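An overview of the molecular structure
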Amino acid sequence: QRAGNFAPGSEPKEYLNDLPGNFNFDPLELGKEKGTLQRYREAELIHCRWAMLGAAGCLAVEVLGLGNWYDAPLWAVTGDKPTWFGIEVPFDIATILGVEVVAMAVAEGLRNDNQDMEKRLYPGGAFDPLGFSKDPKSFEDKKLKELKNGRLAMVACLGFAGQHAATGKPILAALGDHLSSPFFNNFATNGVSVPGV
Amino acid sequence: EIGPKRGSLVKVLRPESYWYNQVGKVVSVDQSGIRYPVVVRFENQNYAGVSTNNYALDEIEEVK
Amino acid sequence: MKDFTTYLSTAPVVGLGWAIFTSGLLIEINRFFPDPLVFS
Amino acid sequence: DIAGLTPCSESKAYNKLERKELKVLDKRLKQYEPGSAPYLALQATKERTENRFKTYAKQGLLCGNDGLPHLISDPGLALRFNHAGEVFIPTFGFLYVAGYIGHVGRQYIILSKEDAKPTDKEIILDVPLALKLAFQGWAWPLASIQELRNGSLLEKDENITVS
Amino acid sequence: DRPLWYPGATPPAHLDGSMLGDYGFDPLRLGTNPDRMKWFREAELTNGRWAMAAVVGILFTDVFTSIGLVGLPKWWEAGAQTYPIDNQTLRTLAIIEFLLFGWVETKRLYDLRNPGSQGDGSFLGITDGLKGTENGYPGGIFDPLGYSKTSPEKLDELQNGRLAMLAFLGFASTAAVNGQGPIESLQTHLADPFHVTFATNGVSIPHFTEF
Amino acid sequence: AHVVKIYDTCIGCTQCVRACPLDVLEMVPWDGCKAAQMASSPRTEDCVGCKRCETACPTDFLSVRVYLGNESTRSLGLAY
Ligand code: CLA
Ligand code: CLA
Ligand code: CLA
Ligand code: CLA
Ligand SMILES: CC1=C[C@H](O)CC(C)(C)[C@@H]1/C=C/C(C)=C\C=C/C(C)=C\C=C/C=C(C)\C=C/C=C(C)\C=C/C1=C(C)C[C@H](O)CC1(C)C
Ligand SMILES: CC1=C[C@H](O)CC(C)(C)[C@@H]1/C=C/C(C)=C\C=C/C(C)=C\C=C/C=C(C)\C=C/C=C(C)\C=C/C1=C(C)C[C@H](O)CC1(C)C
Ligand code: SF4
Ligand code: SF4
């Protein structure tokens, strides 16, 4: 089931013998032990799934012309109300922090109490109403798509952060500088990304 | 024959000894039931100045 | 002569030749390009 | 500049220290005659002193409020502000020399121990062998990583322990 | 084994075996272990092959410069001539140089570790051409002229390559004490040999004897 | 009132007995060694704790050890 090799000709790693998304990657032998791998495989899918939603968010704000992902929480210091598609949601800052904690604590706690190692990664029933998981072939194939797309969101959400710190420009504006003058507008010409430029 | 061969090198395993995890020539071995028959000789001296000592069968093992 | 060369190969004598070399080299390295502190 | 230190060229105390150290010799030079050897000795010391001060200023050194040159050790600030020859470059010069002494003595020890009576070879050295190794150690870093990557540098639990 | 760098009595220990450009020159004995001798061999090639293609830019062009056909600059100041140009490519060149070489060189690094190890579906469809005959001498890169049985044209590759490695060391040293280009240094040794040398004018030795 | 214990590694050299001045060590037969001898310490009341004996022992580590302890007139070597 090996999707490929990150380094063709590299030595096979037996700890990743048959899993979804295997590329024989691990060079630091993290995951040598069998029990820790089940935890990492759980952490990867959840660090994935949170990134994919958060990534489409930052694009959704800028694509639809609403504003920046960075300036979204700035209403608190100014005092104005937040908005969702300019609807003026009324809740206050202390109300968000209270509902978020109690809601996610109920959710995360129920997740940890599963004690079914396969369902801790890939639940069923209510979390998939339409029933794509019934077909084992497409299920096995769609798992590679969940993981390949997810690793793009994670590495790239980091890019939204790193791009912002060196240059305060937003996402789509920072891209336009590459397309307008690629060789001049790069991370090397930031003056902060590389010491000594 | 009871023990290692004459002239054979062996490694010591007494924790007390100055020669521990070190190699020495087997000078002789006694086959009369003595507790510490194996006589061994090393090049390096100990703190007193003695370069030989009688070791046991279990206390010695093959070289390296 | 074989024993004389062996005496010269002792520790006290070889060290004497080493000392004249290292000290002679350093003193000569201070006499020319006088009193160095920063290396260019 | 950095750390609130002035360059030695622009400092006043640095030039004050030069005018002082020369005044001592000029007073000492008055006693003797012009063409005598004590006069030539002091004039040379005067020539060296004038050369010591201008060379340290030319080298972009940093002098403090006391007027004496200060050294900088971080390679980042040294390279950024052009002060690398002070400390950062002296470190590589010494390590090459220190490693050379180690790689040489380590080889003489190993090779003499492969023969009979190695104790005599320490008190009565094999000078032809010692000179051979001493002129073969110019590329000591290559041999070290060669010996590390190979695994014949370190011994493996064939050493004496105490408990 | 080809002739000896000393004609007389300098017995080599491990170079009697076959290898290219073997003249028995290893005083420091850095090629004792065969595994790393295999590594230093490839280093002599990448330094040899790279140095030669570099020396032409200094040599083939400066000959045309001294004759007067072109007005190009000298290698000691060619770098400061590019970036002040209006249409210039400011220093994203150091990093792109590393991002591009990092892709190729690690493909060469993993070949010496696992020879002929380029998987079937790793590259798009050219996985077969990338396989090499030997380490340092691949197949599909040269289009003609590598089907002879007496393959040691390689000796030309080394004797020409070792020579160029001396050139750039001489270019860099000549251009640090003479202050002029390499060819300008040649026109002087021909016009006044005894006066323009490394001893008297080129300050490589402290010679101050005015009498 | 010192303590003198001899261990299994004795080989019957008798060098411990010849050394200690105060006659606190004697030889006894035994079946463990080639020499068929072993030391003993019957009268440690006369032990001055000089520790010369341990020096005489020529084994890798000492088969005779003098563990110092409570003192006395005989042990302190007091003529008075
Ligand atoms: C290997 C090729 C090579 C060649 C052909 C030259 C040629 C020259 N060098 Mg030069 N040089 C070289 C390497 C070379 N160099 C290297 C590697 C260094 C650094 C150690 C220097 C450092 C140097 C200095 C500092 C100076 C020169 C100068 C000169 C010129 C005058 C001759 C001289 O001073 O003696 C050359 C002195 C040497 C110590 C190098 C000679 C030793 C080489 C390795 C022997 C090679 C054998 C043989 C010549 C090869 C034939 C090749 C030929 C057929 C193409 C002359 C054009 C002088 C100048 O100002 O130019 C006008 C000068 O001041 N060179
Ligand atoms: C593209 C990413 C992706 C993919 C391929 C999958 C794939 C899968 N998930 Mg999964 N999941 C994801 C993201 C993804 N998930 C995220 C982000 C979360 C967190 C909410 C989850 C939470 C989750 C749970 C809790 C469960 C699954 C399950 C499953 C499996 C069955 C359902 C299925 O076939 O999904 C098919 C997926 C699609 C057809 C994609 C739909 C595309 C949507 C509509 C896009 C909407 C966003 C919008 C366009 C973005 C706006 C952009 C902005 C710029 C404006 C399957 C392996 C179940 C399982 O384990 O199976 C047994 C299960 O229990 N997933
Ligand atoms: C004439 C008076 C005289 C003096 C002052 C000395 C002094 C010394 N001898 Mg000696 N020697 C003498 C006569 C003398 N010897 C005679 C008549 C003989 C019979 C041939 C010998 C035979 C002899 C032997 C066989 C040895 C000495 C050694 C030594 C050194 C002791 C080791 C040490 O402590 O450093 C310890 C050194 C280190 C821990 C690391 C080495 C670094 C050292 C210090 C550098 C070398 C120092 C150099 C010799 C100093 C110059 C000589 C000095 C007296 C002016 C010591 C400096 C021992 C020695 O190794 O010499 C160095 C040693 O093995 N000597
Ligand atoms: C080839 C000889 C040699 C070599 C390779 C080493 C190597 C080493 N020693 Mg060491 N040592 C030596 C001789 C040597 N020593 C001698 C002669 C003495 C007696 C003075 C010591 C006393 C000594 C102590 C107390 C310690 C070390 C320690 C160490 C380790 C750390 C380096 C250090 O700071 O040491 C210290 C360096 C010295 C004390 C200077 C040694 C004197 C000269 C400079 C070296 C002798 C060279 C030899 C005489 C030349 C023979 C060449 C041959 C061809 C003739 C290191 C692996 C340290 C350690 O335990 O590591 C954690 C440590 O605490 N050594
Ligand atoms: C790099 C870069 C940078 C620059 O600046 C810009 C740019 C160029 C743009 C880039 C970026 C990128 C990013 C970050 C992001 C994007 C995308 C992603 C990754 C995600 C989303 C997005 C993703 C996602 C997952 C979302 C969604 C999905 C899903 C499945 C959900 C839900 C579902 C499930 C549960 C299942 C069922 O049955 C059905 C449903 C209900 C339907
Ligand atoms: C010192 C000095 C100084 C003064 O001033 C000057 C002088 C006189 C000059 C001197 C020097 C000399 C030297 C050393 C050198 C030179 C040259 C060389 C060696 C090389 C080039 C040059 C070299 C080279 C190699 C180049 C080229 C070649 C080649 C093959 C390329 C390519 C190819 C290949 C890959 C393969 C394929 O299939 C084909 C082809 C495509 C065809
Ligand atoms: S001195 Fe030691 S080895 Fe000798 S007889 Fe006494 S106990 Fe035995
Ligand atoms: S302590 Fe002294 S007197 Fe007593 S047995 Fe030992 S050597 Fe003899």
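So, how was this worked out
Residues numbered from 1 in each chain as written, not as in the entry; some residues may be left out. Chains lettered and ligands numbered in written order. Part of a larger assembly, values for the part shown. Heavy atoms only, no water. Contact = heavy atoms within 4.5 Å. Salt bridge = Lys/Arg side-chain N within 4 Å of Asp/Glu carboxyl O. Buried < 20%, exposed > 50% of the residue type's maximum accessible area, 1.4 Å probe, protein only. Near = heavy atom within 4 Å. Polar contact = N/O pair within 3.5 Å; in protein donor to acceptor, adjacent residues only side chain to side chain. Helix = DSSP H or I, 4+ residues; strand = E, 2+ residues; numbered from the N terminus. Nonpolar A, V, L, I, M, F, W, Y, C, P; charged D, E, K, R; others polar. Core = buried A, V, L, I, M, F, W, Y, C linked by side-chain atoms within 4.5 Å. Buried area = accessible area lost by both parts, 1.4 Å probe. Pairing = 2+ DSSP bridges. UniProt positions renumbered as here; feature names shortened; annotations may be inferred.

Deposited coordinates in this entry are attributed by the record to cryo-EM, at a stated resolution of 3.4 Å.

Contacts between protein chains span 6 pairs of chains, and they are most numerous for chains A and E. If you take every C-alpha in chain B and every C-alpha in chain C, the smallest gap between them is 21 Å, and the two do not touch. Chain E shows no contact with chain F. Their nearest C-alpha atoms sit 41 Å apart.

A word on the pattern of salt bridges. Residue and element names in this part refer to chain F. Following the criterion strictly, the structure yields 24 salt bridges over all chains and no others. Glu54 is the salt-bridge partner of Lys51, the closest N and O atoms lying 3.0 Å from each other. Residue classification places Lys51 among the partly exposed positions, given a relative accessible area of 31%.

The subject of this paragraph is the site of ligand 1. Residues and elements named next belong to chain E. Ligand 1 sits among 13 residues. The nearest are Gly170, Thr197, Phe198, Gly202 and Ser204. Contacts to ligand 1 include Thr174, whose side-chain N or O atom sits 3.4 Å from a nitrogen atom. If you list the elements that add at least two residues to the shell around ligand 1, you get α4 (154-177) and α5 (182-191). It is α4 that provides the largest number of residues to the shell around ligand 1, a total of 6 residues. Tallied by class, the residues present in the shell around ligand 1 amount to 4 nonpolar, 9 polar and no charged.

Right, let's get into the nonpolar core. Inside soluble globular proteins, nonpolar side chains tend to come together where they are buried. If you look at the biggest cluster of nonpolar residues, it comprises 10 residues: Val4, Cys16, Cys20, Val24, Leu25, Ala39, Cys47, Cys53, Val64 and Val66 of chain F. With residues near it in sequence (within four places) discarded, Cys47 of chain F still touches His2, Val4, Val24, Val66 and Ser75 of chain F. Membership of the second largest hydrophobic core comes to 9 residues, among which are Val12, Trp19, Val26 and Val38 of chain B.

Turning our eyes to something else, we now look at the interface of chain B and chain F. Across the contact, 15 residues belong to chain B and 10 residues belong to chain F. Considering only the side of chain B, the residues that lose the most area to chain F are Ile34, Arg35 and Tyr36 of chain B, jointly responsible for 40% of the buried surface there. If you look at where chain B meets chain F, you find 1 salt bridge. At the junction of chain B and chain F, the tally comes to 3 residue pairs in polar contact. A class-by-class count of the residues in the side of chain B that touches chain F yields 6 nonpolar, 5 polar and 4 charged.

All right, on to the sheet that holds strand β4 (residues 52-55) of chain B then. Strand pairing in a sheet relies on backbone hydrogen bonds, with the paired strands running either antiparallel or parallel. Residue and element names in this part refer to chain B. As summarised here, the arrangement of the 5 strands in space is β4-β3-β2-β1-β5, forming an open sheet in which the pairing is antiparallel. Strand pairing shows two members of the sheet lacking a second neighbour, β4 and β5 (60-61), which therefore form its edges. Here strand β1 (residues 9-12) runs beside β5; their pairing, made up of 2 bridges, is antiparallel. The residue of β5 that forms the bridge with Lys11 is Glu61.

Residue and element names in this part refer to chain F. The sites that UniProt annotates as "binding site: [4Fe-4S] cluster 1" (unreviewed entry) are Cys10, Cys13, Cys16, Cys57 and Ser63. These annotated residues cover 54 residues of sequence, and their C-alpha atoms lie no more than 11.2 Å from one another, placing them together at a single site. Residue placement: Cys57 occurs in the loop between α2 (52-56) and β4 (64-67). Residue classification places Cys57 among the buried residues on the basis of a relative accessible area of 9%. Setting aside its immediate chain neighbours within four residues, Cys57 contacts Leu62, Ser63 and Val64. Its place among the elements puts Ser63 in the loop between α2 and β4. What makes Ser63 buried here is its relative accessible area of 4%. Beyond its immediate sequence surroundings of up to four residues, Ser63 is in contact with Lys5, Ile6, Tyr7, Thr9, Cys10 and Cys57.

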